[PDB]
Amino acid sequence: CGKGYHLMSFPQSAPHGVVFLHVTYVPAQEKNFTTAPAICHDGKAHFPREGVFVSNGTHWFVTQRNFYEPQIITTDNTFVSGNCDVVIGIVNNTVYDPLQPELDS
Amino acid sequence: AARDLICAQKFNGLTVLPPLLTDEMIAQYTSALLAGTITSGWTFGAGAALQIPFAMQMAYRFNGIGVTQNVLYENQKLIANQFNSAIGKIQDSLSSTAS
Ligand SMILES: *[C@@H]1O[C@H](CO)[C@@H](O)[C@H](O)[C@H]1NC(C)=O
Ligand SMILES: *[C@@H]1O[C@H](CO)[C@@H](O)[C@H](O)[C@H]1NC(C)=O
């Protein structure tokens with residue numbers, strides 16, 4: 001259904017045949033980021049639910065794979081599995097808890 | 001020595017044309033596909049080659065089949081050993097069996 005990520009197609013009639021118009025999705029403008037497989041916080045390893053960990057050099061974000069939309073690494077877009085002593089390449093950061101400002105107010 | 005079969009074939013008007021791509025070009029295309037699918041993943045088949053670490057690519061591959069992606073991150077050495085053993089078994093089976 002064409003080259004790229006397929007979205008829609010439209011048939012057209014031709015003599016002794018058919019013509020398809022495949023609408024696809026092509027990524028355009030790229031950038032370089034530093035990435036990690038997991039985040040170590042409070043003796044625990046955090047893996048993203050959907051997305052990928054990236055860093056611009058100083059701070060760490062989580063964004064979807066096919067588009068650069070960074071956001072804060074919280075407990076609602078990460079899940080905990082085990083400790084930090086097994087995963088190769090795990091880095092140190094902090095994971096935000098949304099219940100902390102609501103409990104303090 | 002004796003007359004070959006191919007000389008009797010060519011002397012009666014039956015020739016064989018060479019293919020357009022030599023085997024070096026076939027190996028070059030195969031090497032380009034291998035380098036793309038190792039370095040980038042599936043991103044080079046949909047546009048520009050987007051680099052990614054191979055462990056994270058294989059974590060995406062496990063996420064595609066219904067396994068959570070941490071299972072690779074606690075079994076990475078075992079999975080690499082199993083892949084290397086399977087490649088060696090393919091090499092042994094190709095060196096032994098010819099049918
Ligand atoms: C990323 O880094 C590589 C190596 O330094 C460089 O060749 C490339 O142009 C950079 N940018 C992108 C968008 O890949
Ligand atoms: C992450 O923090 C732990 C303890 O807080 C420390 O032992 C470890 O070395 C840190 N990681 C790095 C890469 O420095």
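Count begins at 1; order follows the chain as displayed.
Structure method, as recorded: electron microscopy, 3.0 Å.
Yeah, the Cβs are placed from backbone N, Cα and C, and that goes for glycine too.
The disulfide bond recorded by Swiss-Prot for A:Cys40 reaches one of A:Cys1, A:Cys84; that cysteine is A:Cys84.
Non-local neighbourhood of A:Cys84 (disulfide bond): A:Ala38, A:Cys40, A:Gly43, A:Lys44, A:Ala45, A:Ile90, each in the same chain, at least six residues away, with C-beta under 8 Å from its C-beta.
Counting every protein chain shown, the Cβ of A:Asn56 (N-linked glycosylation site) has 12 other Cβ atoms within 10 Å. Cα-Cα distance from A:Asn32 (N-linked glycosylation site) to A:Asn92 (N-linked glycosylation site): 20 Å (rounded to the nearest whole number). The 6 Å Cβ screen around ligand 2 retains A:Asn92 from the recorded positions A:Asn32, A:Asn56, A:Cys84, A:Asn92, ordered by sequence position. Least crowded of the glycosylation sites (A:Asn32, A:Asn92), judged by neighbouring Cβ atoms within 10 Å of its own Cβ: A:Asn32.
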